[PDB]
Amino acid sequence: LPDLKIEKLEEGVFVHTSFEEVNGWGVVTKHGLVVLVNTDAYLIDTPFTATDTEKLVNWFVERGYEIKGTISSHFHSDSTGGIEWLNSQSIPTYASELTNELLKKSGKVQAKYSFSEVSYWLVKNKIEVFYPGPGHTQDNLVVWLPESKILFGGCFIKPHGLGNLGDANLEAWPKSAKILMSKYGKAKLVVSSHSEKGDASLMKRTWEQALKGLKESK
């Protein structure tokens, strides 16, 4: 299995790639972010494992940063795998109320801090967490960095196919995808969970794949 990797994408914006074997899909590549505000670091999604999460936290602790927060974009393992470990290490975890509700019904450890607002400023003028509506899951969020104009689309951005449909809402995805396109047209870069960083066009490609998926449904 490939080692956790961390790459600077921009001043104050890092991508973290982690890997795990999932039945059927094989070795899954999961991209997350780390955002720096002054001396504070914020985790956008955790690696699959407490181990990789520990490795990620130590990387920024070693460089003089303090982890002031972590946001999970939805309730599946590839966003929440490290939450239990982060809690034990006194690092504040965030998730939407919907995400925390789904984690509870799944018997999984919940984030410590939750929020219900469609648009939540995790850090004023720096990290916005946005709920476009159901798609990949009922609770999937995206994260917007207005300074860099980077959108983290998580498992919601699916330009070449929708992937795991287990908890997907095919009827809502296209509406949610078009809502995303409406709000973040000004996006310079779109970082997704499982595909290469692209431009704003990746929001339109997701809409096309959602529409296609919905059609096969009927």
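In case it trips you up, residue 1 is the first one in the sequence shown, and so on. Definition used throughout: the rigid core is the maximal C-alpha set that superposes within 1.5 Å between two forms.
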To spell it out: superpose each other structure in 5 other deposited structures of this protein onto this one by the rigid core, compute Cα RMS over structures and residues for 207 to 215 and for 1 to 9. Which is larger?
1 to 9
Taking the root mean square of C-alpha distances over all structures and residues in 5 other deposited structures of this protein, with a rigid core superposition, name the larger of 22 to 30 and 167 to 175.
22 to 30
Which of the two stretches, 99 to 107 or 125 to 133, shows the higher mean Cα temperature factor in the record?
99 to 107
Between 29 to 37 and 161 to 169, name whichever shows the higher mean Cα B factor according to the PDB entry.
161 to 169
In terms of CA temperature factor as recorded, identify the highest of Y65, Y42, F156, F152.
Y65
Place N58 in the lowest, middle or highest third of its chain's C-alpha B-factors, as listed in the PDB entry.
middle
Among the modelled residues of its chain, does the C-alpha B-factor of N23 lie in the lowest, middle or highest third?
highest
How does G81 rank on Cα B-factor within its chain, lowest, middle or highest third?
middle
Where does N87 sit by CA temperature factor within its chain: lowest, middle or highest third?
lowest
Third of chain Cα B-factors occupied by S114
lowest
